[PDB]
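Data block for model34.pdb (PDB, C-alpha atoms):
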```
ATOM      1  CA  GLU A   1       0.000   0.000   0.000
ATOM      2  CA  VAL A   2       1.281   3.439  -0.982
ATOM      3  CA  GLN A   3       1.556   5.944   1.871
ATOM      4  CA  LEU A   4       0.834   9.627   1.190
ATOM      5  CA  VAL A   5       2.272  12.275   3.535
ATOM      6  CA  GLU A   6       1.259  15.909   3.076
ATOM      7  CA  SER A   7       2.844  19.170   4.175
ATOM      8  CA  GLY A   8       2.622  22.919   3.712
ATOM      9  CA  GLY A   9      -0.898  23.665   4.930
ATOM     10  CA  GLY A  10      -1.854  26.574   7.108
ATOM     11  CA  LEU A  11      -3.361  30.047   7.097
ATOM     12  CA  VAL A  12      -3.282  32.552   4.223
ATOM     13  CA  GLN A  13      -4.943  35.819   3.272
ATOM     14  CA  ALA A  14      -7.068  36.400   0.189
ATOM     15  CA  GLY A  15      -4.840  37.030  -2.819
ATOM     16  CA  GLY A  16      -1.870  35.231  -1.260
ATOM     17  CA  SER A  17       0.132  32.162  -2.216
ATOM     18  CA  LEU A  18       0.605  28.762  -0.597
ATOM     19  CA  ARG A  19       2.510  25.631  -1.585
ATOM     20  CA  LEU A  20       1.330  22.140  -0.672
ATOM     21  CA  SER A  21       3.457  19.039  -1.155
ATOM     22  CA  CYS A  22       2.794  15.324  -0.767
ATOM     23  CA  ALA A  23       5.382  12.536  -0.644
ATOM     24  CA  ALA A  24       4.438   8.999  -1.689
ATOM     25  CA  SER A  25       6.259   5.825  -0.662
ATOM     26  CA  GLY A  26       5.844   4.489  -4.216
ATOM     27  CA  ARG A  27       5.233   5.696  -7.781
ATOM     28  CA  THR A  28       1.770   5.533  -9.389
ATOM     29  CA  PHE A  29       0.819   6.812 -12.831
ATOM     30  CA  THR A  30      -1.501   9.571 -11.564
ATOM     31  CA  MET A  31      -0.779  11.914  -8.658
ATOM     32  CA  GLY A  32      -2.937  14.821  -7.596
ATOM     33  CA  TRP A  33      -5.026  16.667  -5.046
ATOM     34  CA  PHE A  34      -8.647  16.753  -3.878
ATOM     35  CA  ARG A  35     -10.192  19.068  -1.308
ATOM     36  CA  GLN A  36     -13.203  19.059   1.003
ATOM     37  CA  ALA A  37     -14.767  22.216   2.450
ATOM     38  CA  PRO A  38     -16.957  22.348   5.587
ATOM     39  CA  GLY A  39     -20.348  20.858   4.773
ATOM     40  CA  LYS A  40     -19.461  19.860   1.200
ATOM     41  CA  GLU A  41     -18.439  16.721  -0.659
ATOM     42  CA  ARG A  42     -14.800  16.102  -1.536
ATOM     43  CA  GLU A  43     -14.011  17.724  -4.886
ATOM     44  CA  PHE A  44     -11.199  17.196  -7.379
ATOM     45  CA  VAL A  45      -8.503  19.882  -7.438
ATOM     46  CA  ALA A  46      -5.675  18.883  -9.780
ATOM     47  CA  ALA A  47      -3.788  15.905 -11.144
ATOM     48  CA  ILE A  48      -0.743  15.060 -13.235
ATOM     49  CA  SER A  49       0.373  11.997 -15.206
ATOM     50  CA  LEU A  50       3.646  10.087 -15.006
ATOM     51  CA  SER A  51       4.606   9.940 -18.691
ATOM     52  CA  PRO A  52       3.947  12.190 -20.402
ATOM     53  CA  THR A  53       3.576  14.757 -17.607
ATOM     54  CA  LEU A  54       0.156  16.217 -18.446
ATOM     55  CA  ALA A  55      -1.559  18.392 -15.841
ATOM     56  CA  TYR A  56      -5.306  18.901 -15.543
ATOM     57  CA  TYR A  57      -7.300  21.042 -13.139
ATOM     58  CA  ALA A  58     -10.848  21.505 -11.954
ATOM     59  CA  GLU A  59     -12.574  24.396 -13.701
ATOM     60  CA  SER A  60     -12.747  26.396 -10.449
ATOM     61  CA  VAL A  61      -8.958  26.493  -9.919
ATOM     62  CA  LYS A  62      -7.662  26.674 -13.485
ATOM     63  CA  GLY A  63      -5.513  29.748 -14.000
ATOM     64  CA  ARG A  64      -4.838  30.087 -10.266
ATOM     65  CA  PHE A  65      -3.364  26.750  -9.135
ATOM     66  CA  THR A  66      -0.597  24.784 -10.822
ATOM     67  CA  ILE A  67       0.517  21.229 -10.113
ATOM     68  CA  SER A  68       3.928  19.567 -10.655
ATOM     69  CA  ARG A  69       5.382  16.188  -9.633
ATOM     70  CA  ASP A  70       8.899  14.920  -9.058
ATOM     71  CA  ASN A  71       8.754  11.327 -10.310
ATOM     72  CA  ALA A  72      12.184  10.453  -8.982
ATOM     73  CA  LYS A  73      11.335  11.829  -5.525
ATOM     74  CA  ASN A  74       7.735  10.518  -5.866
ATOM     75  CA  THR A  75       6.401  13.905  -4.738
ATOM     76  CA  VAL A  76       3.517  16.046  -5.952
ATOM     77  CA  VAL A  77       3.270  19.806  -5.417
ATOM     78  CA  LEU A  78       0.218  22.086  -5.649
ATOM     79  CA  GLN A  79       1.136  25.768  -5.998
ATOM     80  CA  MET A  80      -1.803  28.046  -5.147
ATOM     81  CA  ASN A  81      -1.917  31.724  -6.121
ATOM     82  CA  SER A  82      -4.732  34.295  -6.112
ATOM     83  CA  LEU A  83      -6.342  32.542  -3.157
ATOM     84  CA  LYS A  84      -9.999  33.236  -2.354
ATOM     85  CA  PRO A  85     -11.694  32.584   1.011
ATOM     86  CA  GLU A  86     -13.741  29.837  -0.674
ATOM     87  CA  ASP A  87     -10.492  27.911  -1.232
ATOM     88  CA  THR A  88     -10.528  27.118   2.504
ATOM     89  CA  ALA A  89     -10.710  23.335   2.873
ATOM     90  CA  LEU A  90      -8.898  20.176   3.848
ATOM     91  CA  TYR A  91      -6.584  19.283   0.962
ATOM     92  CA  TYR A  92      -5.995  15.548   0.475
ATOM     93  CA  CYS A  93      -3.289  14.386  -1.878
ATOM     94  CA  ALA A  94      -4.234  11.258  -3.810
ATOM     95  CA  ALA A  95      -2.397   8.655  -5.868
ATOM     96  CA  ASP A  96      -4.082   6.546  -8.536
ATOM     97  CA  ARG A  97      -2.847   3.633 -10.649
ATOM     98  CA  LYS A  98      -5.010   4.830 -13.529
ATOM     99  CA  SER A  99      -4.635   6.788 -16.745
ATOM    100  CA  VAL A 100      -6.782   9.622 -15.352
ATOM    101  CA  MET A 101      -7.453  10.417 -11.705
ATOM    102  CA  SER A 102     -10.661   8.861 -10.385
ATOM    103  CA  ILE A 103     -12.949  10.188  -7.661
ATOM    104  CA  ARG A 104     -12.260   6.920  -5.801
ATOM    105  CA  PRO A 105      -8.455   6.767  -6.040
ATOM    106  CA  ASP A 106      -6.472   3.859  -4.675
ATOM    107  CA  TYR A 107      -4.721   5.953  -2.007
ATOM    108  CA  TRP A 108      -5.396   9.026   0.124
ATOM    109  CA  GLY A 109      -3.397  11.341   2.330
ATOM    110  CA  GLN A 110      -4.444  12.330   5.823
ATOM    111  CA  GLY A 111      -5.582  15.800   4.757
ATOM    112  CA  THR A 112      -3.928  19.156   5.464
ATOM    113  CA  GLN A 113      -5.950  22.231   6.398
ATOM    114  CA  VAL A 114      -5.763  25.417   4.320
ATOM    115  CA  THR A 115      -7.616  28.450   5.698
ATOM    116  CA  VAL A 116      -7.962  31.541   3.494
ATOM    117  CA  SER A 117      -9.166  34.592   5.424
ATOM    118  CA  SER A 118     -10.569  37.883   4.174
ATOM    119  CA  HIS A 119      -8.965  41.260   4.840
ATOM    120  CA  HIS A 120     -10.197  44.010   7.249
TER     121      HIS A 120
ATOM    122  CA  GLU B   1      17.067  46.575 -10.901
ATOM    123  CA  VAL B   2      15.616  43.103 -10.328
ATOM    124  CA  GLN B   3      18.158  40.386  -9.515
ATOM    125  CA  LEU B   4      17.582  36.685 -10.218
ATOM    126  CA  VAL B   5      19.385  33.910  -8.319
ATOM    127  CA  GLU B   6      19.220  30.301  -9.521
ATOM    128  CA  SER B   7      19.299  27.058  -7.546
ATOM    129  CA  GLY B   8      19.130  23.312  -8.000
ATOM    130  CA  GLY B   9      21.308  22.592 -11.046
ATOM    131  CA  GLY B  10      23.683  19.676 -11.465
ATOM    132  CA  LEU B  11      24.101  16.106 -12.692
ATOM    133  CA  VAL B  12      21.156  13.880 -13.656
ATOM    134  CA  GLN B  13      20.733  10.692 -15.668
ATOM    135  CA  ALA B  14      18.637   9.990 -18.746
ATOM    136  CA  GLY B  15      15.049   9.472 -17.634
ATOM    137  CA  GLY B  16      15.702  11.248 -14.334
ATOM    138  CA  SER B  17      14.172  14.242 -12.589
ATOM    139  CA  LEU B  18      15.556  17.603 -11.492
ATOM    140  CA  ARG B  19      14.052  20.723  -9.921
ATOM    141  CA  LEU B  20      15.461  24.168 -10.717
ATOM    142  CA  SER B  21      14.266  27.242  -8.852
ATOM    143  CA  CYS B  22      14.887  30.966  -9.271
ATOM    144  CA  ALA B  23      14.416  33.686  -6.645
ATOM    145  CA  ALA B  24      13.745  37.257  -7.779
ATOM    146  CA  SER B  25      14.229  40.327  -5.602
ATOM    147  CA  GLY B  26      11.139  41.846  -7.250
ATOM    148  CA  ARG B  27       7.867  40.973  -8.939
ATOM    149  CA  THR B  28       7.439  41.018 -12.719
ATOM    150  CA  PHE B  29       4.446  39.869 -14.737
ATOM    151  CA  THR B  30       6.355  37.113 -16.574
ATOM    152  CA  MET B  31       8.792  34.629 -15.052
ATOM    153  CA  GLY B  32      10.428  31.735 -16.847
ATOM    154  CA  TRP B  33      13.450  29.806 -18.055
ATOM    155  CA  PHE B  34      15.740  29.750 -21.095
ATOM    156  CA  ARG B  35      18.644  27.413 -21.793
ATOM    157  CA  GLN B  36      21.837  27.539 -23.855
ATOM    158  CA  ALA B  37      23.691  24.452 -25.119
ATOM    159  CA  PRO B  38      27.389  24.508 -26.104
ATOM    160  CA  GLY B  39      27.653  25.933 -29.598
ATOM    161  CA  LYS B  40      23.953  26.795 -29.883
ATOM    162  CA  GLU B  41      21.757  29.848 -29.489
ATOM    163  CA  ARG B  42      19.950  30.519 -26.229
ATOM    164  CA  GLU B  43      16.450  29.067 -26.537
ATOM    165  CA  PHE B  44      13.213  29.591 -24.640
ATOM    166  CA  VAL B  45      12.122  26.750 -22.348
ATOM    167  CA  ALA B  46       9.097  27.770 -20.291
ATOM    168  CA  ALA B  47       7.281  30.719 -18.769
ATOM    169  CA  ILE B  48       4.356  31.562 -16.502
ATOM    170  CA  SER B  49       2.347  34.757 -15.999
ATOM    171  CA  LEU B  50       1.370  36.516 -12.784
ATOM    172  CA  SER B  51      -2.409  36.739 -13.165
ATOM    173  CA  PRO B  52      -3.801  34.553 -14.444
ATOM    174  CA  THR B  53      -1.146  31.887 -13.852
ATOM    175  CA  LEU B  54      -0.825  30.545 -17.403
ATOM    176  CA  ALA B  55       2.104  28.265 -18.235
ATOM    177  CA  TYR B  56       3.517  27.939 -21.739
ATOM    178  CA  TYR B  57       6.390  25.755 -22.895
ATOM    179  CA  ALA B  58       8.667  25.303 -25.870
ATOM    180  CA  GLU B  59       7.600  22.515 -28.216
ATOM    181  CA  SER B  60      10.688  20.467 -27.302
ATOM    182  CA  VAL B  61       9.986  20.355 -23.536
ATOM    183  CA  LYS B  62       6.174  20.199 -23.494
ATOM    184  CA  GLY B  63       4.963  17.042 -21.785
ATOM    185  CA  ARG B  64       8.210  16.585 -19.834
ATOM    186  CA  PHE B  65       8.874  19.912 -18.075
ATOM    187  CA  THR B  66       6.446  21.917 -15.959
ATOM    188  CA  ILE B  67       6.764  25.387 -14.454
ATOM    189  CA  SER B  68       5.198  27.095 -11.448
ATOM    190  CA  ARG B  69       5.624  30.372  -9.614
ATOM    191  CA  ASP B  70       5.105  31.654  -6.089
ATOM    192  CA  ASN B  71       3.913  35.243  -6.460
ATOM    193  CA  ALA B  72       4.341  36.063  -2.765
ATOM    194  CA  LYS B  73       7.912  34.718  -2.654
ATOM    195  CA  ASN B  74       8.710  35.927  -6.206
ATOM    196  CA  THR B  75      10.045  32.478  -7.091
ATOM    197  CA  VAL B  76       9.754  30.471 -10.304
ATOM    198  CA  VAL B  77      10.336  26.718 -10.496
ATOM    199  CA  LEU B  78      11.103  24.453 -13.465
ATOM    200  CA  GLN B  79      10.396  20.788 -12.698
ATOM    201  CA  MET B  80      12.073  18.473 -15.221
ATOM    202  CA  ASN B  81      11.112  14.845 -15.769
ATOM    203  CA  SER B  82      12.020  12.492 -18.632
ATOM    204  CA  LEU B  83      15.420  14.130 -19.021
ATOM    205  CA  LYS B  84      17.329  13.391 -22.238
ATOM    206  CA  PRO B  85      21.080  13.886 -22.837
ATOM    207  CA  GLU B  86      20.221  16.747 -25.213
ATOM    208  CA  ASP B  87      18.662  18.572 -22.243
ATOM    209  CA  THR B  88      22.230  19.282 -21.083
ATOM    210  CA  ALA B  89      22.601  23.065 -21.081
ATOM    211  CA  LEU B  90      23.074  26.163 -18.976
ATOM    212  CA  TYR B  91      19.606  26.983 -17.628
ATOM    213  CA  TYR B  92      18.986  30.701 -17.132
ATOM    214  CA  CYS B  93      15.968  32.034 -15.299
ATOM    215  CA  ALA B  94      14.472  35.217 -16.706
ATOM    216  CA  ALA B  95      11.967  37.879 -15.708
ATOM    217  CA  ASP B  96      10.023  40.149 -18.042
ATOM    218  CA  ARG B  97       7.766  43.146 -17.476
ATOM    219  CA  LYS B  98       5.707  42.013 -20.472
ATOM    220  CA  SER B  99       2.495  40.067 -20.933
ATOM    221  CA  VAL B 100       4.420  37.343 -22.805
ATOM    222  CA  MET B 101       8.048  36.293 -22.360
ATOM    223  CA  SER B 102      10.405  38.042 -24.779
ATOM    224  CA  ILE B 103      13.644  36.621 -26.153
ATOM    225  CA  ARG B 104      15.305  39.875 -24.997
ATOM    226  CA  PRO B 105      13.929  40.089 -21.442
ATOM    227  CA  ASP B 106      14.568  42.785 -18.874
ATOM    228  CA  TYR B 107      16.329  40.554 -16.340
ATOM    229  CA  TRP B 108      18.634  37.547 -16.616
ATOM    230  CA  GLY B 109      20.183  35.058 -14.230
ATOM    231  CA  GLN B 110      23.721  33.767 -13.954
ATOM    232  CA  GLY B 111      22.598  30.440 -15.413
ATOM    233  CA  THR B 112      23.057  27.068 -13.720
ATOM    234  CA  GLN B 113      24.533  24.025 -15.430
ATOM    235  CA  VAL B 114      22.323  20.966 -15.968
ATOM    236  CA  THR B 115      24.057  17.840 -17.293
ATOM    237  CA  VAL B 116      22.118  14.745 -18.385
ATOM    238  CA  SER B 117      24.438  11.731 -18.388
ATOM    239  CA  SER B 118      23.610   8.582 -20.341
ATOM    240  CA  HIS B 119      23.662   4.997 -19.135
ATOM    241  CA  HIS B 120      25.877   2.004 -19.983
TER     242      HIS B 120
ATOM    243  CA  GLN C   7     -15.240  24.276 -22.252
ATOM    244  CA  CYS C   8     -12.420  21.963 -23.349
ATOM    245  CA  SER C   9     -10.031  22.347 -26.280
ATOM    246  CA  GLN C  10      -9.817  20.403 -29.543
ATOM    247  CA  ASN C  11      -8.348  17.159 -28.168
ATOM    248  CA  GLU C  12      -9.625  17.307 -24.581
ATOM    249  CA  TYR C  13     -12.758  15.875 -22.987
ATOM    250  CA  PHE C  14     -14.743  17.095 -19.986
ATOM    251  CA  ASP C  15     -15.083  14.792 -16.959
ATOM    252  CA  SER C  16     -18.467  15.241 -15.275
ATOM    253  CA  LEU C  17     -17.223  13.869 -11.940
ATOM    254  CA  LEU C  18     -13.860  15.661 -11.853
ATOM    255  CA  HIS C  19     -15.292  18.882 -13.361
ATOM    256  CA  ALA C  20     -12.045  19.061 -15.319
ATOM    257  CA  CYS C  21     -10.910  18.993 -18.941
ATOM    258  CA  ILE C  22      -8.697  15.942 -19.504
ATOM    259  CA  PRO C  23      -6.179  15.439 -22.341
ATOM    260  CA  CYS C  24      -7.451  12.666 -24.604
ATOM    261  CA  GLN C  25      -3.950  11.189 -24.983
ATOM    262  CA  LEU C  26      -4.430   9.838 -21.457
ATOM    263  CA  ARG C  27      -7.120   7.582 -22.983
ATOM    264  CA  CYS C  28      -5.617   6.175 -26.210
ATOM    265  CA  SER C  29      -4.134   3.321 -24.161
ATOM    266  CA  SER C  30      -7.513   2.608 -22.553
ATOM    267  CA  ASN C  31      -9.942  -0.023 -23.803
ATOM    268  CA  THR C  32     -12.631   2.530 -24.740
ATOM    269  CA  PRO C  33     -11.609   6.179 -25.127
ATOM    270  CA  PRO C  34     -14.371   8.799 -25.188
ATOM    271  CA  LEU C  35     -15.999   9.298 -28.584
ATOM    272  CA  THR C  36     -14.800  12.910 -28.671
ATOM    273  CA  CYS C  37     -11.204  11.628 -28.382
ATOM    274  CA  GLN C  38     -11.099   8.668 -30.827
ATOM    275  CA  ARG C  39     -10.378  11.253 -33.548
ATOM    276  CA  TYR C  40      -7.127  12.489 -31.989
ATOM    277  CA  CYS C  41      -6.357   9.177 -30.237
ATOM    278  CA  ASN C  42      -5.218   7.095 -33.282
ATOM    279  CA  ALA C  43      -5.807   9.891 -35.843
ATOM    280  CA  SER C  44      -9.302  10.723 -37.224
TER     281      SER C  44
ATOM    282  CA  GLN D   7       0.065  23.688 -33.941
ATOM    283  CA  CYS D   8      -1.765  25.151 -30.941
ATOM    284  CA  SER D   9      -5.277  25.278 -29.486
ATOM    285  CA  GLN D  10      -8.337  27.325 -30.452
ATOM    286  CA  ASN D  11      -7.408  30.240 -28.158
ATOM    287  CA  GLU D  12      -3.625  29.888 -28.525
ATOM    288  CA  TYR D  13      -1.172  31.416 -30.981
ATOM    289  CA  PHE D  14       2.298  30.224 -31.959
ATOM    290  CA  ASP D  15       5.412  32.294 -31.217
ATOM    291  CA  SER D  16       8.228  31.380 -33.606
ATOM    292  CA  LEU D  17      10.879  33.193 -31.558
ATOM    293  CA  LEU D  18       9.914  31.188 -28.466
ATOM    294  CA  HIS D  19       8.759  28.187 -30.543
ATOM    295  CA  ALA D  20       5.854  27.988 -28.122
ATOM    296  CA  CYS D  21       2.079  28.057 -27.923
ATOM    297  CA  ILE D  22       0.819  31.106 -26.016
ATOM    298  CA  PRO D  23      -2.664  31.645 -24.545
ATOM    299  CA  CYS D  24      -4.266  34.531 -26.418
ATOM    300  CA  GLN D  25      -5.587  35.891 -23.102
ATOM    301  CA  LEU D  26      -2.108  37.307 -22.468
ATOM    302  CA  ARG D  27      -2.528  39.463 -25.598
ATOM    303  CA  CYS D  28      -6.038  40.952 -25.304
ATOM    304  CA  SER D  29      -4.507  44.059 -23.714
ATOM    305  CA  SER D  30      -1.880  44.323 -26.466
ATOM    306  CA  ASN D  31      -1.863  47.213 -28.883
ATOM    307  CA  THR D  32      -2.248  44.558 -31.598
ATOM    308  CA  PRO D  33      -3.281  41.085 -30.468
ATOM    309  CA  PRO D  34      -2.334  38.412 -33.013
ATOM    310  CA  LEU D  35      -4.919  37.925 -35.743
ATOM    311  CA  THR D  36      -5.849  34.418 -34.574
ATOM    312  CA  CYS D  37      -6.439  35.905 -31.103
ATOM    313  CA  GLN D  38      -8.734  38.842 -31.883
ATOM    314  CA  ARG D  39     -11.498  36.244 -32.314
ATOM    315  CA  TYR D  40     -11.238  35.214 -28.662
ATOM    316  CA  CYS D  41     -10.197  38.495 -27.038
ATOM    317  CA  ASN D  42     -12.793  40.756 -28.667
ATOM    318  CA  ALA D  43     -15.501  38.348 -27.427
ATOM    319  CA  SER D  44     -14.260  37.558 -23.907
ATOM    320  CA  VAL D  45     -15.522  38.665 -20.478
ATOM    321  CA  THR D  46     -13.837  40.421 -17.552
ATOM    322  CA  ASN D  47     -15.446  38.424 -14.716
TER     323      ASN D  47
END
```
Representation of the structure as structure tokens:
Amino acid sequence: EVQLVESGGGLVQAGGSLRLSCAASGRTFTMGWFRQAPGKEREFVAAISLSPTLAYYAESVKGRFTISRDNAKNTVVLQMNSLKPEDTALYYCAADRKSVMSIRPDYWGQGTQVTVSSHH
Amino acid sequence: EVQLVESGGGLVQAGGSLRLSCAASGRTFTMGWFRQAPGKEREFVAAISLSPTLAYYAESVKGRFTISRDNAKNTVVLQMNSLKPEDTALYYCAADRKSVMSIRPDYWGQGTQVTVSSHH
Amino acid sequence: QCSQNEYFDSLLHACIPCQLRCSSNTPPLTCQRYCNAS
Amino acid sequence: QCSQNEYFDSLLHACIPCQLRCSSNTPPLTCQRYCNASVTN
């Protein structure tokens, strides 16, 4: 069983930047990120393929979040810019032995909290 | 002006991975990476824009290299997978106060060597 | 929403590159064109 | 060589999203289609 360990979560202000990373004990074809907000169902965030490295994003994060993976290090990184308060959620990294990420991936991380707060 | 400092270069093997990063003392709209091989012209590799974060790559590295940027930290990262021996070059990071990366940008880096050894 | 050789995933709410499906047993109809040429 | 809303830059040898050129003095011809009919929200 692959183990997924996440890091980088915390508190940010609207318009800020935050990097999440997730280290896997083994290499799967698809690596990515989901998120779950309070009182909502877990939703897909981003994912990236092993070879070729093709990234795809949910429509609500495209143009604001990028994703990149180190296949040697077996890590995945989600770089978030232009954060909105609605981006507050638990972010779970996921690994999937599939061509495209599935909403029931083989493996899950513990979940790292990301809290985006308004200004004033 | 704006100064760019590069990090992460070195020796890698064919099929391997390598992460280059570049720290800028200031914020420009376009960040990215060029590379120069011995006896060849400096060529564009990848770039990403401030808002929205839109990544665009040279035809020869698309599907193998990705790029991200931290707008708060003013950093830009080139993640390389599926390295080939012809990826051996001096990798310069570049900043541009333009909507799209120019081949004559405002700011250049010192360039960091990246060498892709072959096997056998 | 998606580009020429992408397909939209209802459950991911994301546009996926069709080349991730040429290897699969049944690519989406919209992709067959690109995946293995028209 | 590129997408519907992308143009090719020969000097970069790269596909560029036309969104980065709407604010140009002269967006590329294949981009005016998308930029003249966009939305700012």
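Between residue 30 in chain B and the candidates D:14, D:8, D:26, D:37, the tightest atom-to-atom separation, counting only C-alpha atoms, involves D:26.
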**OP:** Kindly give the distance, in Å, that separates CA of residue 43 in chain B and CA of residue 14 in chain B, rounded to a single decimal.
**Re:** 20.7 Å
**OP:** Could you list the residues chosen by the ChimeraX specification (/B :<12) & /C in this structure as a list in words?
**Re:**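 On this input, the ChimeraX specification (/B :<12) & /C captures residues 23, 25 and 26 of chain C.
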Chain C residues near chain D within 12 Å, closest pair each, using all atoms listed in the file, as JSON lines:
```
{"residue": "C:7", "atom": "CA", "partner": "D:10", "partner_atom": "CA", "distance": 11.1}
{"residue": "C:8", "atom": "CA", "partner": "D:10", "partner_atom": "CA", "distance": 9.8}
{"residue": "C:9", "atom": "CA", "partner": "D:9", "partner_atom": "CA", "distance": 6.4}
{"residue": "C:10", "atom": "CA", "partner": "D:9", "partner_atom": "CA", "distance": 6.7}
{"residue": "C:11", "atom": "CA", "partner": "D:9", "partner_atom": "CA", "distance": 8.8}
{"residue": "C:12", "atom": "CA", "partner": "D:9", "partner_atom": "CA", "distance": 10.3}
```
**OP:** Take the ChimeraX specification (/B :<12) & /A, apply it to the structure above, and return the hits as a ChimeraX atom specification.
**Re:** /A:12-20,48-55,61-83
